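Engineer: Coordinates only, no sequence provided:
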Ligand SMILES: [Zn+2]
Ligand SMILES: [Zn+2]
């Protein structure tokens, strides 16, 4: 039994049905987690690193995949469909579409760097025994992106693109001069395409980046790719298992095969440099890694169960009213029979309430096994003192006596700073 | 419509390519509108009407659609996926999310206190029509429907319906005043499963709720051939055209056909009554309606271009600084070289800047052309008084001279009103 499957069983995160083999179901909780990760990524891309989200078509004509050469390339690794017969097929990747977007209009050097980002679902057909859990899948969401820029600025872009990664694995996340990840730098093979000039410019720029990075990097000379240099992000498990999550890969083949052009400052037509960018890699896979790392214990913001309120006596009126009040505040929800709707950027916390008639210790225990980030209990003392008893799960000495307000502000100041 | 296409051309909303007929290109501005509408509906369903978002797989075995009953009537325009060098069980693509949610409900044992249990699905849908039957935003192959379903005991039914109507009364009766009611309803009983007197009982409860409604309504033979009664919500067009924006279905067939059950307080298994719900319907279509009605006039909430700053003298440093100050301090963007992450719920505004060297009147030339919702101008008097000149979109005369913070607070208090 995998850790993933186990945590899913416990928290009701995921589902799998034979009617849809290899395709992942997301329950309301897995929903919350997924959507939250995606939201974080979106904010970071749009409001910091300058990416513009687009939504591309899921399926394309055979002729398109033939233009990119990914038709014969992906044979049984890609699904297919027939139309009323042109023989359409489903996109394993976002690349060709994002090339079309660039090609549809006349581009100028002043629009560059032009960066696109797409969260659209991706379907890949793999052997019935090849796919296991979230790591190897059929239908999987990936956060993609592409940078179209003049060579001069390439370095800068790479830098920024790495910074994002640095913020993800080395800052916002646990599990390991001393950093979380190292980098595999993949140089030119013996057989390649595209002029060697821009090739060496690229490679040199990269050598400079990694050199001044401070992060450790393996040279891995000569492996991949005929369309140009790669960078693989490597993070190691607490179990010592080494994982490649995201990859930054320059592509010289698509610009030439899709014939993309941009007006330069010298008023001549030059072909733009394309950069494949990923961070979370496979979102499902990323969630996998997170699961294996935290074994089901989520940071306060990502946690499907943010906190729980337990009254000492189920039949105690004071405690009941107090708890219900705090809940109603923390969840921040509006009645359905009402009219006025919910606004934007208003805070909402899950905050379940246990009304079960069992003993206090029982709800404590069960709620602990349930992973809740914060346990808030109300006894006689809590009632008389008009406060709440709150604790973090991962420490188990906190026990702060806090007012509704103070709690609200604490959770807000939590999701604001993440962690 | 050449309207939607015109607005798409001026605002850079949507793109189309021969290589993908039926699939719409969503790129950055149209994607902004899209994602924002979707976000609104999200918040509303989640923190108000008590819905849980889920993500179902795009691929399902033909066996599923068989067992559901869609493999017969709706298999006509449905799309199939082979992708098999061997069997080839003939997995079909999902035009609709109906069966998936039933799978989700039936997966785990449930009881009476888990109801009403409401899901929602924003997952992409592909329905294949004739090559010429395609209207650009009206009918596509690939589109996103808000969908959603409800599982509740009979006692809950009326309740769940009323609330489900309230949601509508938000979007139409309130939010969008495109034209004391903005809508009227329709009717049902068009191959069905079960007893005739049972379906007639459903028509009795639905007619009973419409009798208790207080809204205009009509009748019709052919709506919702199955699994039971229904209410079609029609909107009178800009000019003399009635459409159907959303549909509310009452389905007694699926619960019995998928063998769904729960445990009533008496500890006996009863068959749940499910309600198919929709509000936005097709988001491409709804978006089309919006485009036609508003012409590219979209309010400050939905607007891709939220505003523009005009430096009456473009070569003046004193004015420029006061401009960029407002820009940077408005969009609230962060440096790309920082390790500083973009927080959540932090406000952001598009608020472009025109440094083009021309007469100020020419930079005002296209503002209301590009359809900016506000026009901000900085002159000498604006620097001396340390404020900005704000001109309202639809107000040809009235303007306000406001400090930065006032523009901030103003915009925030605006987008919070869904203005
Ligand atoms: Zn790519
Ligand atoms: Zn349905």
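Structural biologist: Looks like it arrived, so ask away. Numbering: from 1, shown residues only, chains lettered A, B, ... in the order given. Ligands and ions are numbered 1, 2, ... in the order given.
Engineer: residues near whatever residue of the stretch 201-350 of chain A ends up closest to ligand 1, how many?
Structural biologist: Among residues of the stretch 201-350 of chain A, the one nearest ligand 1 by C-beta to the ion turns out to be residue A:276. It sits 3.9 Å away. Every C-beta, even on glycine, is put in place using the N, C-alpha and C of the backbone. Using other C-beta atoms under 10 Å in any protein chain shown, residue A:276 has 20 other residues around it.
Engineer: name the helices or strands packed onto the helix or strand containing residue A:115?
Structural biologist: In this structure, residue A:115 is located in strand A:114-117 according to DSSP states H and E. Applying 3 or more C-beta pairs under 8 Å, 6 or more residues apart in numbering or on different chains; DSSP states H and E, we find strand A:114-117 packed against strand A:52-53, helix A:95-103, strand A:146-149.
Engineer: Enumerate the positions of stretch A:357-376 that are buried.
Structural biologist: Neighbour counts over stretch A:357-376 (16 or more other C-beta atoms under 10 Å in any protein chain shown) mark A:363-364, A:367, A:370-376 as buried.
Engineer: Then stretch A:296-305?
Structural biologist: The neighbour-count check on stretch A:296-305 (16+ other C-beta under 10 Å) flags A:296, A:298-305 as buried.
Engineer: ok, so of those, who is nearest residue B:255?
Structural biologist: For these, the residue nearest residue B:255 by C-beta to C-beta is residue A:304; the value is 27.4 Å.
Engineer: Once you drop chain neighbours, what's closest to that closest one?
Structural biologist: In space, and not counting its chain neighbours, residue A:304 is closest to residue A:29: 3.7 Å by C-beta to C-beta, 6 or more residues apart in numbering or on different chains.
Engineer: so who does that neighbour touch?
Structural biologist: A:11-13, A:304-305 (C-beta atoms under 8 Å, 6 or more residues apart in numbering or on different chains).
Engineer: repeat that with 10 Å
Structural biologist: By C-beta atoms under 10 Å, 6 or more residues apart in numbering or on different chains, residue A:29 lies in contact with A:8, A:11-14, A:303-305, A:350, B:52, B:54.
Engineer: Using CSV, lay out those residues together with distance to ligand 2 and secondary structure.
Structural biologist: Below are the contacts of residue A:29 laid out as CSV (distance: C-beta to the ion, whole Å; DSSP: H, G, I helix; E, B strand; the rest coil):
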residue, distance to ligand 2, secondary structure
A:8, 26, helix
A:11, 27, helix
A:12, 23, coil
A:13, 24, coil
A:14, 22, strand
A:303, 31, coil
A:304, 25, coil
A:305, 29, coil
A:350, 27, coil
B:52, 15, strand
B:54, 13, coil
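Engineer: of those residues, buried ones?
Structural biologist: Applying 16+ other C-beta under 10 Å to these flags A:8, A:11, A:13-14, A:303-305, A:350, B:52, B:54 as buried.
Engineer: hey, where'd the helices end up in the stretch 251-400 of chain A?
Structural biologist: Using DSSP state H, counting those that start in this stretch, the helices found in the stretch 251-400 of chain A span residues A:253-257, A:283-294, A:317-331, A:360-369, A:380-384.
Engineer: Out of the ones you listed, which gets nearest to chain B?
Structural biologist: helix A:317-331 (7.7 Å; C-beta to the nearest C-beta).
Engineer: Show me which residues of the stretch 1-150 of chain A sit near ligand 1.
Structural biologist: residue A:95 (C-beta under 5 Å from the ion).
Engineer: 6 Å instead?
Structural biologist: Counting by C-beta under 6 Å from the ion, the stretch 1-150 of chain A comes close to ligand 1 at A:93-95, A:144, A:146.
Engineer: hang on, the earlier thing: biggest separation within the buried residues of stretch A:296-305, which pair?
Structural biologist: Longest distance between any two of these is 15.6 Å, between A:296 and A:301; criterion C-beta to C-beta.
Engineer: just to revisit the earlier point, buried deepest among the helices of the stretch 251-400 of chain A, which one?
Structural biologist: The highest mean neighbour count among the helices of the stretch 251-400 of chain A, using mean count of other C-beta atoms under 10 Å in any protein chain shown, belongs to helix A:283-294: a mean of 22.
Engineer: residue in the stretch 151-300 of chain A nearest to ligand 2?
Structural biologist: Closest to ligand 2 within the stretch 151-300 of chain A is residue A:284: 25.7 Å, counting by C-beta to the ion.
Engineer: who's in contact with that residue?
Structural biologist: A:4, A:14, A:24, A:26, A:30, A:34, A:133-137, A:139-142.
Engineer: again, only this time at 6 Å
Structural biologist: A:24, A:134, A:137, A:140 (C-beta atoms under 6 Å, 6 or more residues apart in numbering or on different chains).
Engineer: nearest spatial neighbour of it, skipping sequence neighbours?
Structural biologist: Per C-beta to C-beta, 6+ apart, closest to residue A:284 is residue A:134, 4.0 Å.
Engineer: Then residue A:418?
Structural biologist: Nearest one to residue A:418, counting by C-beta to C-beta, 6+ apart, is residue A:301 at 5.3 Å.
Engineer: With residue A:17 instead?
Structural biologist: Nearest non-adjacent residue to residue A:17 (C-beta to C-beta, 6+ apart): residue B:103, at 5.3 Å.
Engineer: cool, and residue A:192?
Structural biologist: residue A:226 (5.3 Å).
Engineer: okay, now that neighbour: neighbour count?
Structural biologist: 13.
Engineer: That one sits in which helix or strand?
Structural biologist: Under DSSP H and E, no helix or strand contains residue A:226.
Engineer: So it is in contact with residue A:194, correct?
Structural biologist: No: in this structure residue A:226 lies outside contact range of residue A:194 using C-beta atoms under 6 Å: 9.0 Å.
Engineer: Distance check, residue A:415 against residue B:18.
Structural biologist: 45 Å (C-beta to C-beta, to the nearest Å).
Engineer: Comparing those two, which residue is more hemmed in?
Structural biologist: Neighbours per residue, other C-beta under 10 Å: of residue A:415 and residue B:18, the larger number sits with residue A:415, 20 against 8.
Engineer: Next, the buried residues of stretch A:35-44.
Structural biologist: A:35-37, A:40-44.
Engineer: nope, stretch A:330-347 is what I was after
Structural biologist: Neighbour-count burial for stretch A:330-347 flags A:330-331, A:334, A:341-342 (criterion: 16+ other C-beta under 10 Å).
Engineer: Could you check it against chain B for contacts?
Structural biologist: Yes: judged by C-beta under 6 Å from any C-beta of the partner chain, stretch A:330-347 comes into contact with chain B at A:333-334, A:336, A:341-343, A:345.
Engineer: What is the end-to-end distance of that stretch?
Structural biologist: 8 Å (C-alpha to C-alpha, to the nearest Å).
Engineer: Please tell me how far residue A:85 sits from chain B.
Structural biologist: 11 Å (C-beta to the nearest C-beta, to the nearest Å).
Engineer: With residue A:245 instead?
Structural biologist: Applying C-beta to the nearest C-beta, the value for residue A:245 to chain B is 18 Å.
Engineer: go on, residue A:123?
Structural biologist: Taking C-beta to the nearest C-beta, one finds residue A:123 at 7 Å from chain B.
Engineer: how about the residue of the stretch 301-419 of chain A found nearest ligand 2, what does it touch?
Structural biologist: For the stretch 301-419 of chain A, the residue closest to ligand 2 is residue A:336, as judged by C-beta to the ion, at 19.8 Å. Applying C-beta under 6 Å, 6+ apart to residue A:336 gives the contacts B:49, B:163.
Engineer: repeat that for 7 Å
Structural biologist: B:48-50, B:163, B:166 (C-beta atoms under 7 Å, 6 or more residues apart in numbering or on different chains).
Engineer: Among the residues you listed, which pair sits farthest apart?
Structural biologist: So, the contacts of residue A:336 by C-beta to C-beta: farthest apart are B:50 and B:166, at 12.1 Å.
Engineer: Have a look at those two and say which one is more surrounded.
Structural biologist: It is residue B:166, of residue B:50 and residue B:166, that has more neighbours when counted by other C-beta under 10 Å, with 18 against 15.
Engineer: Wondering if the helix or strand where that one lies reaches ligand 2 at all.
Structural biologist: Take DSSP H and E as the rule and residue B:166 turns out to sit in helix B:157-170. No: on the criterion C-beta under 6 Å from the ion, helix B:157-170 is out of touch with ligand 2, staying 12.9 Å away.
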